[PDB]
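Labels below follow one simple rule: chain letters A, B, ... track the order of the sequence lines, proteins then strands, and each chain is numbered from 1. Atom set for the values below is all heavy atoms of this structure, side chains included, hydrogens, waters and symmetry mates excluded.
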Amino acid sequence: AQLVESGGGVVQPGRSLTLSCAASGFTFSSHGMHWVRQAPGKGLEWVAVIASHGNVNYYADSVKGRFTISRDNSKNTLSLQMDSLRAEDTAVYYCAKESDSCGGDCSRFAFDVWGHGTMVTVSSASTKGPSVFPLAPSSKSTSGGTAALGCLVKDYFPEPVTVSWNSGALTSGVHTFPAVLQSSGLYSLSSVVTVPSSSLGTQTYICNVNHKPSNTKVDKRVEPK
Amino acid sequence: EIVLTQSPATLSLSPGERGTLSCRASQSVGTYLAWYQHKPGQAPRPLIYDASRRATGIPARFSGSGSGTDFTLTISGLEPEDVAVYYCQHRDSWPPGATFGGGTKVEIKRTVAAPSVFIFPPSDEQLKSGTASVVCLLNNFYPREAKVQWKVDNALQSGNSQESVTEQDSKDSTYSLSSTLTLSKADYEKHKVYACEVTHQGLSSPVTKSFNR
């Protein structure tokens, strides 16, 4: 059985988004339904519940008065209307089905079917593509040792960016780091690779950066200065 | 009103090693306690229902036990795909809200590996645009604990750096870390020596990487 989740997006603070889940392979109206979320750097947080026949609901204090949970036992869908959004509402949201009774030994207090998760991002930032700067290998790089080089992908919004090296031909020793959110509200990440210092004598290194929201495509060669 | 406290914060297990995860409730919850496995980018996966009942398709190496306030999840021997964050969870009928523990990160334990350490001055290109980012890279180290401190003309920097750490490497079970120090171009030009001080248990002494602007 499945919960097929949709919705989500990127909005300004004080604005609204609606999330939805469609039931598949089970009797929707027979089960209580929940929303759960996970904010960056935090754990799972329960958000809201609506009873099987929509007659009782309940909210976490953190969202009470702002979010509205509802269900449609005709279309067999579950909704979360998220109004008055705050930056701290930024999170992956999951719909979840209450676990089944089983003739006495099983409770309805767990979550047995989960939606895949969808991202909600709340920020005053507006769409901006990144600047891409080289992280050139040290002049001290010398044969027999290991050299590091990379690209700094700075000041973009929203997530995500994708980075490859040499159009995907280079993967060994690559580390593309989780983006960090700057006080400016823009993201920044670095992508590096370590290679034999010897390889600087023969090999071209190009970082391929893509930020779809801004249609930004950059291919930057990284060489010793 | 119900709080679930998980420990340890991180549980480090060699492949094949047995491990136990603890979840303690702030008051009795009977057997109303579930466990989920969660990996970045996918839905939480039910492991254990009602304290001890395995969820559909969950391998026998996962077992739940306990009642009242003290609960445990046992992994009889870590397999690589078991690396994940594990949460316990409670709910009752009324009031109906669920409570989650804070999570226990399960990671692969391996031998100590010291980081290789690299520093990158800002590019002339970035300087052209009025900002200066200095980057410090700690490459492929274990365990995850590391300290990076920035010094500018020997002055300890505070509040102007951010760092990021990769997920555990699928090949060698190490971590990598990037720290970025950010200054205005003006501020950057007012100093000469930029240094990254790295402390890790794999290093006999902290390593300092530096350059003259």
Side-chain angles (χ1 to χ4, degrees), chain A residues 130 132-154 160-180 188-210 218-225, chain B residues 15 40-41 80 83 107-121 123 133-146 148 162-180 196 198 200-203 207 209 211:
Chain A
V132 180
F133 305 119
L135 300 166
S138 171
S139 70
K140 301 233 164 61
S141 302
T142 179
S143 286
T146 297
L149 57 95
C151 289
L152 175 61
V153 184
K154 189 163 154 55
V161 298
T162 58
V163 179
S164 60
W165 285 89
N166 295 350
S167 300
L170 177 60
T171 67
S172 178
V174 171
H175 296 302
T176 296
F177 289 91
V180 136
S188 183
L189 69 66
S190 276
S191 178
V192 309
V193 60
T194 59
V195 301
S197 292
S198 64
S199 75
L200 296 172
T202 56
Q203 182 67 42
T204 290
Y205 298 100
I206 295 172
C207 70
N208 323 112
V209 177
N210 205 274
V218 174
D219 298 306
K220 180 73 83 170
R221 182 170 181 194
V222 179
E223 301 157 323
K225 267 174 271 185
Chain B
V83 173
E107 64 151 14
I108 283 170
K109 183 181 59 175
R110 54 153 290 161
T111 59
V112 179
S116 50
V117 179
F118 307 84
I119 189 171
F120 302 96
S123 59
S133 301
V134 192
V135 179
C136 185
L137 166 67
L138 284 56
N139 187 77
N140 288 59
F141 58 90
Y142 186 89
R144 191 182 186 278
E145 291 294 344
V148 178
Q162 301 180 281
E163 64 183 40
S164 167
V165 185
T166 54
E167 293 304 304
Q168 189 167 43
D169 187 81
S170 69
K171 297 117 154 169
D172 71 4
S173 302
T174 62
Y175 295 93
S176 293
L177 180 157
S178 75
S179 181
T180 306
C196 177
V198 175
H200 186 270
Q201 54 194 86
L203 302 164
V207 170
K209 289 288 185 271
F211 64 91

Legend entry - Trace of the side-chain contact (heavy atoms from CB on, under 4.5 Å) decision for B:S133 with A:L152: CA-CA 9 Å; B:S133 301; A:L152 175 61; 3.6 Å; yes
Inset, instruction - With side-chain contact (heavy atoms from CB on, under 4.5 Å) as the test, would you mind laying out the steps for A:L189 and A:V163 before giving the verdict? - result: CA-CA 10 Å; A:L189 69 66; A:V163 179; 4.3 Å; yes
Legend entry - Intermediate values then yes/no, side-chain contact (heavy atoms from CB on, under 4.5 Å), A:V180 and B:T180: CA-CA 10 Å; A:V180 136; B:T180 306; over 6 Å; no
Inset, instruction - Carefully, step by step, assess A:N166 and A:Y205 under the rule side-chain contact (heavy atoms from CB on, under 4.5 Å). - result: CA-CA 6 Å; A:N166 295 350; A:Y205 298 100; 4.2 Å; yes
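Nearest heavy atoms, A:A147 versus B:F118: C-CE2, 4.1 Å. Across B:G202 and B:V112, no two heavy atoms sit closer than the pair CA-CG1, 3.5 Å. When every heavy atom of A:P178 is checked against every heavy atom of B:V165, the shortest pair comes out as CG-O, 3.3 Å. Smallest separation of non-hydrogen atoms from A:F133 and B:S123: CB-OG, 3.6 Å.
Considering only heavy atoms from C-beta on, B:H200 comes within 4.5 Å of B:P143 through its side chain. Put simply, the side chain of B:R110 reaches to within 4.5 Å of the side chain of B:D172, judged on heavy atoms. A:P137 places a side-chain heavy atom less than 4.5 Å from the side chain of A:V222.
Heavy atoms of other residues, nucleotides or ligands lying less than 6.0 angstrom from CD of B:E145 number 12 at most. Atom NZ of A:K225 sits in a crowded spot, with more than 12 heavy atoms from other residues, nucleotides or ligands closer than 6.0 Å. Remark: B:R144 CZ is loosely packed, at most 12 non-hydrogen atoms of other residues, nucleotides or ligands lying under 6.0 Å away.
Atom-to-atom distance recorded for B:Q168:CD and B:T174:OG1 is 8.0 Å, nearest 0.5 angstrom. Note: A:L149 CG to A:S191 OG = 9.5 Å, rounded to the nearest 0.5 Å. Taken from SG in B:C196 to NZ in B:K209, the straight-line distance is 9.0 Å, to the nearest 0.5 Å. Taken to the nearest 0.5 Å, the CZ atom of A:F177 stands 10.5 Å off from the OG atom of B:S179. To the nearest 0.5 Å, the span separating CG on A:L135 from NZ on A:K220 amounts to 11.0 Å. Of the inter-residue distances, the one linking B:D169 atom CG with B:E167 atom CD reads 11.0 Å to the nearest 0.5 angstrom.
Remark: the backbone N or O of A:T204 is not paired with any side-chain donor or acceptor of A:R221 at under 3.5 angstrom. A donor-acceptor contact shorter than 3.5 Å is absent between the side chain of B:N140 and the backbone of B:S116.
Under 3.5 Å, the side chains of B:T166 and A:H175 contain no donor-acceptor pair of N or O atoms. In the model, A:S197 has no side-chain atom that pairs as donor or acceptor with a side-chain atom of A:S141 under 3.5 Å.
Using cut-offs of 30° and 60° on the angle between ring planes, the pair B:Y175 and B:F141 is tilted.
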